[PDB]
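Engineer: Submitted below is the structure of interest, expressed as structure tokens.
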Amino acid sequence: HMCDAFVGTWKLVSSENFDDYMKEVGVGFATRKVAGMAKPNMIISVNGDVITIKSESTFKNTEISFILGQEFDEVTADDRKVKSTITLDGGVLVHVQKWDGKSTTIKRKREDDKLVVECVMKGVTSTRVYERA
Ligand SMILES: O=C(Nc1ccc(F)c(Cl)c1)[C@H]1CCCC[C@H]1C(=O)O
């Protein structure tokens, strides 16, 4: 029942500062433009201890499955090969990605009827807001 409030199908309704976040991450121009246009569906499900997060969009479809606290390999939508660890901290899913001596942290939280995603790469934060589909 750990992530019950996250489970479901969510649609992107707002994005702020995503281009700047992607710049800081090292995403090149053409990927930034196309990825920044995407309006993904996020699908979160749980089966036992395994959490699955899918993103479906016109740009890329991605899927990760993981157990909290247990590192895994992830190929991101922008084609980074990262080492990821996701934990629950005070009801917030905290996802850290490590690659090439760099790190970014993505937090996913339930706030009212929204799922709020905050992405940080050094000093730069982007906020992406999802509602139920
Ligand atoms: O955006 C994401 N994934 C994702 C997948 C497939 C795509 F095509 C595009 Cl563009 C993005 C997540 C990962 C990076 C930070 C924001 C997160 C989110 O909003 O759900």
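Identifiers in this document derive from the order of the structure tokens: chains are assigned A, B, ..., residues are numbered from 1 separately in each chain, and ligands are numbered from 1 in order of occurrence.
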Do you know which residues are within 6 Å of ligand 1 using only C-alpha atoms and all ligand atoms? Can you write them as JSON, numbers by chain?
Structural biologist: {"A": [35, 36, 38, 55, 57, 59, 60, 61, 62, 77, 119, 128]}
Engineer: Go ahead and write the residues just picked, N, CA and C atoms, as a PDB file, in the first residue's frame.
Structural biologist:
```pdb
ATOM      1  N   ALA A  35      11.604  16.860 -27.267  1.00  0.00           N
ATOM      2  CA  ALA A  35      11.226  16.369 -25.935  1.00  0.00           C
ATOM      3  C   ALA A  35      10.436  17.420 -25.181  1.00  0.00           C
ATOM      4  N   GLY A  36      10.786  18.676 -25.335  1.00  0.00           N
ATOM      5  CA  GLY A  36      10.069  19.713 -24.645  1.00  0.00           C
ATOM      6  C   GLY A  36       8.645  19.899 -25.128  1.00  0.00           C
ATOM      7  N   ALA A  38       6.722  17.351 -25.965  1.00  0.00           N
ATOM      8  CA  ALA A  38       5.962  16.153 -25.606  1.00  0.00           C
ATOM      9  C   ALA A  38       5.008  16.458 -24.415  1.00  0.00           C
ATOM     10  N   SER A  55       6.243   6.048 -19.195  1.00  0.00           N
ATOM     11  CA  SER A  55       5.857   7.287 -19.845  1.00  0.00           C
ATOM     12  C   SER A  55       5.584   7.016 -21.290  1.00  0.00           C
ATOM     13  N   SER A  57       4.587   8.913 -24.906  1.00  0.00           N
ATOM     14  CA  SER A  57       4.442  10.191 -25.577  1.00  0.00           C
ATOM     15  C   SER A  57       4.748  10.006 -27.046  1.00  0.00           C
ATOM     16  N   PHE A  59       7.186  11.386 -28.482  1.00  0.00           N
ATOM     17  CA  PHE A  59       8.628  11.386 -28.637  1.00  0.00           C
ATOM     18  C   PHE A  59       9.237  10.018 -28.335  1.00  0.00           C
ATOM     19  N   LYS A  60       9.061   9.553 -27.110  1.00  0.00           N
ATOM     20  CA  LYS A  60       9.561   8.268 -26.681  1.00  0.00           C
ATOM     21  C   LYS A  60       8.581   7.639 -25.699  1.00  0.00           C
ATOM     22  N   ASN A  61       8.558   6.339 -25.716  1.00  0.00           N
ATOM     23  CA  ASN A  61       7.922   5.582 -24.663  1.00  0.00           C
ATOM     24  C   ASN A  61       9.023   4.970 -23.801  1.00  0.00           C
ATOM     25  N   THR A  62       8.969   5.176 -22.482  1.00  0.00           N
ATOM     26  CA  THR A  62       9.926   4.633 -21.573  1.00  0.00           C
ATOM     27  C   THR A  62       9.216   3.807 -20.497  1.00  0.00           C
ATOM     28  N   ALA A  77      15.097   8.893 -21.707  1.00  0.00           N
ATOM     29  CA  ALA A  77      14.515   9.265 -22.990  1.00  0.00           C
ATOM     30  C   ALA A  77      15.471  10.031 -23.887  1.00  0.00           C
ATOM     31  N   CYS A 119      12.368  18.343 -10.790  1.00  0.00           N
ATOM     32  CA  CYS A 119      13.617  17.815 -11.396  1.00  0.00           C
ATOM     33  C   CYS A 119      14.717  18.829 -11.065  1.00  0.00           C
ATOM     34  N   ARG A 128       6.966  19.937 -13.227  1.00  0.00           N
ATOM     35  CA  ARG A 128       6.031  19.356 -14.186  1.00  0.00           C
ATOM     36  C   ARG A 128       4.837  18.838 -13.375  1.00  0.00           C
TER      37      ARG A 128
END
```
Engineer: Residues near residue 123 in chain A, anyone? I mean within 12 Å using only C-alpha atoms, not counting same-chain ones fewer than 5 positions away, as a PDB file with N, CA and C atoms, in the first residue's frame.
Structural biologist:
```pdb
ATOM      1  N   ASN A  17      10.335  25.543 -16.931  1.00  0.00           N
ATOM      2  CA  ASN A  17      11.811  25.567 -16.851  1.00  0.00           C
ATOM      3  C   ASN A  17      12.418  24.200 -17.323  1.00  0.00           C
ATOM      4  N   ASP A  20      15.591  24.568 -19.713  1.00  0.00           N
ATOM      5  CA  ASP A  20      16.791  24.912 -18.903  1.00  0.00           C
ATOM      6  C   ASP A  20      17.313  23.694 -18.136  1.00  0.00           C
ATOM      7  N   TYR A  21      16.422  22.920 -17.549  1.00  0.00           N
ATOM      8  CA  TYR A  21      16.827  21.691 -16.850  1.00  0.00           C
ATOM      9  C   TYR A  21      17.533  20.765 -17.846  1.00  0.00           C
ATOM     10  N   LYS A  23      19.030  21.534 -20.632  1.00  0.00           N
ATOM     11  CA  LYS A  23      20.328  22.125 -20.965  1.00  0.00           C
ATOM     12  C   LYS A  23      21.367  21.765 -19.920  1.00  0.00           C
ATOM     13  N   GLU A  24      21.011  21.879 -18.650  1.00  0.00           N
ATOM     14  CA  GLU A  24      21.936  21.619 -17.561  1.00  0.00           C
ATOM     15  C   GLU A  24      22.326  20.128 -17.552  1.00  0.00           C
ATOM     16  N   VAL A  25      21.405  19.237 -17.872  1.00  0.00           N
ATOM     17  CA  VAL A  25      21.652  17.838 -17.931  1.00  0.00           C
ATOM     18  C   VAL A  25      22.603  17.487 -19.074  1.00  0.00           C
ATOM     19  N   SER A 103      24.993  14.041 -11.435  1.00  0.00           N
ATOM     20  CA  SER A 103      23.838  13.509 -10.698  1.00  0.00           C
ATOM     21  C   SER A 103      22.659  14.479 -10.914  1.00  0.00           C
ATOM     22  N   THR A 104      21.458  13.913 -11.015  1.00  0.00           N
ATOM     23  CA  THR A 104      20.207  14.664 -11.000  1.00  0.00           C
ATOM     24  C   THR A 104      19.221  13.946 -10.110  1.00  0.00           C
ATOM     25  N   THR A 105      18.333  14.735  -9.477  1.00  0.00           N
ATOM     26  CA  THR A 105      17.321  14.196  -8.585  1.00  0.00           C
ATOM     27  C   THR A 105      15.944  14.597  -9.045  1.00  0.00           C
TER      28      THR A 105
END
```
Engineer: From the DSSP assignment of the backbone, select every residue of chain A that is alpha helix (DSSP H), and format the answer as a PyMOL selection string.
Structural biologist: chain A and resi 18-25+29-37
Engineer: With N, CA and C atoms retained, could you export that selection as an mmCIF file, in the first residue's frame?
Structural biologist:
```cif
data_model
loop_
_atom_site.group_PDB
_atom_site.id
_atom_site.type_symbol
_atom_site.label_atom_id
_atom_site.label_comp_id
_atom_site.auth_asym_id
_atom_site.auth_seq_id
_atom_site.Cartn_x
_atom_site.Cartn_y
_atom_site.Cartn_z
ATOM 1 N N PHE A 18 11.689 23.405 -18.098
ATOM 2 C CA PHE A 18 12.187 22.088 -18.549
ATOM 3 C C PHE A 18 13.310 22.223 -19.538
ATOM 4 N N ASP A 19 13.261 23.218 -20.431
ATOM 5 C CA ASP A 19 14.342 23.380 -21.407
ATOM 6 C C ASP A 19 15.640 23.659 -20.663
ATOM 7 N N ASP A 20 15.591 24.568 -19.713
ATOM 8 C CA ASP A 20 16.791 24.912 -18.903
ATOM 9 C C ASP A 20 17.313 23.694 -18.136
ATOM 10 N N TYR A 21 16.422 22.920 -17.549
ATOM 11 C CA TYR A 21 16.827 21.691 -16.850
ATOM 12 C C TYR A 21 17.533 20.765 -17.846
ATOM 13 N N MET A 22 16.917 20.538 -19.030
ATOM 14 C CA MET A 22 17.531 19.663 -20.015
ATOM 15 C C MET A 22 18.911 20.211 -20.474
ATOM 16 N N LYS A 23 19.030 21.534 -20.632
ATOM 17 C CA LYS A 23 20.328 22.125 -20.965
ATOM 18 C C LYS A 23 21.367 21.765 -19.920
ATOM 19 N N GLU A 24 21.011 21.879 -18.650
ATOM 20 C CA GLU A 24 21.936 21.619 -17.561
ATOM 21 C C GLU A 24 22.326 20.128 -17.552
ATOM 22 N N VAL A 25 21.405 19.237 -17.872
ATOM 23 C CA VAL A 25 21.652 17.838 -17.931
ATOM 24 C C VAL A 25 22.603 17.487 -19.074
ATOM 25 N N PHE A 29 20.325 20.267 -28.684
ATOM 26 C CA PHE A 29 19.285 21.153 -29.159
ATOM 27 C C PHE A 29 18.082 20.395 -29.704
ATOM 28 N N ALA A 30 18.295 19.489 -30.652
ATOM 29 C CA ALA A 30 17.143 18.882 -31.323
ATOM 30 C C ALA A 30 16.328 18.019 -30.395
ATOM 31 N N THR A 31 16.984 17.272 -29.519
ATOM 32 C CA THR A 31 16.259 16.493 -28.520
ATOM 33 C C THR A 31 15.516 17.411 -27.558
ATOM 34 N N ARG A 32 16.128 18.503 -27.109
ATOM 35 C CA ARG A 32 15.409 19.413 -26.237
ATOM 36 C C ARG A 32 14.143 19.913 -26.872
ATOM 37 N N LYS A 33 14.199 20.305 -28.144
ATOM 38 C CA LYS A 33 13.035 20.883 -28.760
ATOM 39 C C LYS A 33 11.916 19.855 -28.855
ATOM 40 N N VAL A 34 12.228 18.664 -29.318
ATOM 41 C CA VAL A 34 11.188 17.649 -29.513
ATOM 42 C C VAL A 34 10.700 17.111 -28.194
ATOM 43 N N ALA A 35 11.604 16.860 -27.267
ATOM 44 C CA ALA A 35 11.226 16.369 -25.935
ATOM 45 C C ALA A 35 10.436 17.420 -25.181
ATOM 46 N N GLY A 36 10.786 18.676 -25.335
ATOM 47 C CA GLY A 36 10.069 19.713 -24.645
ATOM 48 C C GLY A 36 8.645 19.899 -25.128
ATOM 49 N N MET A 37 8.376 19.548 -26.379
ATOM 50 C CA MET A 37 7.018 19.581 -26.924
ATOM 51 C C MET A 37 6.117 18.454 -26.428
#
```
Engineer: Would you mind listing what lies within 7 Å of residue 41 in chain A as a PyMOL selection string, with only C-alpha atoms counted and same-chain residues fewer than 3 positions away left out?
Structural biologist: chain A and resi 9-12+55-57
Engineer: Write out as a PyMOL selection string the residues lying within 12 Å of residue 71 in chain A, counting only C-alpha atoms and excluding same-chain residues fewer than 6 positions away.
Structural biologist: chain A and resi 64-65+82-87+95-98
